[PDB]
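Visitor: Structure below; questions to follow.
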Amino acid sequence: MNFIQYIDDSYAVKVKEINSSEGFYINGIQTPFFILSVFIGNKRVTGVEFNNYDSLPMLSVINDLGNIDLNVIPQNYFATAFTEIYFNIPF
């Protein structure tokens, strides 16, 4: 079970599954979102990156393992809705 934890526009934590066909990709959020964490095989992974989307803040948030505070990230870093994001997980 591969799934991502992300916050919507209203700063609410939600979980969405990942489609593993022809790679790892996510789409159809329907709202501005900021990806928080990625889980592959019911475990937390680090060192992931996007091969088509350039965004340092989400990479920095994902790669850190400790608990984070949602009061430090502004609305600027939020990605636009209906965005196709691909994952490159090391293995």
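In the structure tokens, chains take letters A, B, ... by order of appearance, with residues numbered from 1 within each chain and ligands from 1 in the order shown.
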Quick one: residues within 12 Å of residue 77 (chain A), only C-alpha atoms counted, chain neighbours fewer than 6 positions away excluded, as JSON, numbers by chain?

Guide: {"A": [7, 9, 32, 33, 34, 35, 36, 54, 55, 56, 57, 58, 59, 60, 61]}

Visitor: If you keep N, CA and C atoms, can you produce a file of those selected residues as a compact mmCIF listing (two decimals), in the first residue's frame?

Guide:
```
# COMPACT_ATOMS: atom_id res chain seq x y z
N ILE A 7 -1.69 18.14 2.75
CA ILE A 7 -2.61 19.11 3.31
C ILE A 7 -3.31 19.83 2.17
N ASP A 9 -6.11 23.00 0.81
CA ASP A 9 -6.03 24.45 0.90
C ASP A 9 -6.32 24.93 2.33
N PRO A 32 -5.67 23.13 -4.24
CA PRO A 32 -4.25 23.39 -3.97
C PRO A 32 -3.78 22.55 -2.79
N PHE A 33 -2.58 21.99 -2.92
CA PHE A 33 -2.11 21.00 -1.96
C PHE A 33 -0.61 21.14 -1.76
N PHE A 34 -0.15 20.65 -0.62
CA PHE A 34 1.27 20.62 -0.26
C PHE A 34 1.57 19.22 0.27
N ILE A 35 2.39 18.47 -0.47
CA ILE A 35 2.68 17.09 -0.09
C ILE A 35 3.55 17.09 1.17
N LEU A 36 3.14 16.30 2.16
CA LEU A 36 3.86 16.23 3.43
C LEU A 36 4.72 14.98 3.55
N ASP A 54 9.69 20.79 -10.19
CA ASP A 54 10.79 21.37 -9.43
C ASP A 54 10.21 22.16 -8.26
N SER A 55 10.41 21.65 -7.05
CA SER A 55 9.89 22.30 -5.85
C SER A 55 10.75 21.87 -4.66
N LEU A 56 11.68 22.74 -4.26
CA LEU A 56 12.52 22.43 -3.11
C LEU A 56 11.77 22.29 -1.79
N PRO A 57 10.82 23.18 -1.43
CA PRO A 57 10.20 23.06 -0.09
C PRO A 57 9.52 21.73 0.18
N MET A 58 8.80 21.17 -0.79
CA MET A 58 8.15 19.88 -0.56
C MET A 58 9.18 18.77 -0.39
N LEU A 59 10.28 18.82 -1.15
CA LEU A 59 11.34 17.85 -0.97
C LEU A 59 11.94 17.95 0.43
N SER A 60 12.17 19.18 0.90
CA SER A 60 12.73 19.38 2.23
C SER A 60 11.79 18.86 3.31
N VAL A 61 10.48 19.10 3.15
CA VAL A 61 9.52 18.63 4.14
C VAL A 61 9.44 17.10 4.13
```

Visitor: Hey, what's within 12 Å of residue 16 (chain A) if we count only C-alpha atoms and toss same-chain stuff fewer than 5 positions away? As number ranges by chain, please?

Guide: A: 1-8, 25-29, 33, 35-39

Visitor: What would the file look like if the residues just selected were written as a PDB file, in the first residue's frame with C-alpha atoms?

Guide:
```pdb
ATOM      1  CA  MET A   1       0.000   0.000   0.000  1.00  0.00           C
ATOM      2  CA  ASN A   2       1.595   3.216  -1.270  1.00  0.00           C
ATOM      3  CA  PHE A   3       0.015   6.463  -0.105  1.00  0.00           C
ATOM      4  CA  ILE A   4       0.832  10.111   0.521  1.00  0.00           C
ATOM      5  CA  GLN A   5      -0.120  12.425   3.371  1.00  0.00           C
ATOM      6  CA  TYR A   6      -0.865  15.947   2.132  1.00  0.00           C
ATOM      7  CA  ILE A   7      -2.610  19.114   3.307  1.00  0.00           C
ATOM      8  CA  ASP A   8      -5.412  20.719   1.307  1.00  0.00           C
ATOM      9  CA  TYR A  25       2.285   9.255 -10.093  1.00  0.00           C
ATOM     10  CA  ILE A  26      -0.444  11.305  -8.423  1.00  0.00           C
ATOM     11  CA  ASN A  27      -3.109  13.553  -9.941  1.00  0.00           C
ATOM     12  CA  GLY A  28      -6.639  14.823  -9.419  1.00  0.00           C
ATOM     13  CA  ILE A  29      -6.212  16.541  -6.055  1.00  0.00           C
ATOM     14  CA  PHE A  33      -2.108  21.004  -1.964  1.00  0.00           C
ATOM     15  CA  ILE A  35       2.680  17.091  -0.085  1.00  0.00           C
ATOM     16  CA  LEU A  36       3.857  16.227   3.429  1.00  0.00           C
ATOM     17  CA  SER A  37       4.902  12.568   3.471  1.00  0.00           C
ATOM     18  CA  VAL A  38       5.197   9.492   1.251  1.00  0.00           C
ATOM     19  CA  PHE A  39       4.687   5.884   2.396  1.00  0.00           C
TER      20      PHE A  39
END
```

Visitor: So how many Å separate CA of residue 86 (chain A) and CA of residue 51 (chain A), to one decimal?

Guide: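 Answer for the CA of residue 86 (chain A) to CA of residue 51 (chain A) separation: 6.5 Å.
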
Visitor: Using only C-alpha atoms, which of the listed residues (A:71, A:65, A:31, A:40) sits closest to residue 19 (chain A)?

Guide: A:40
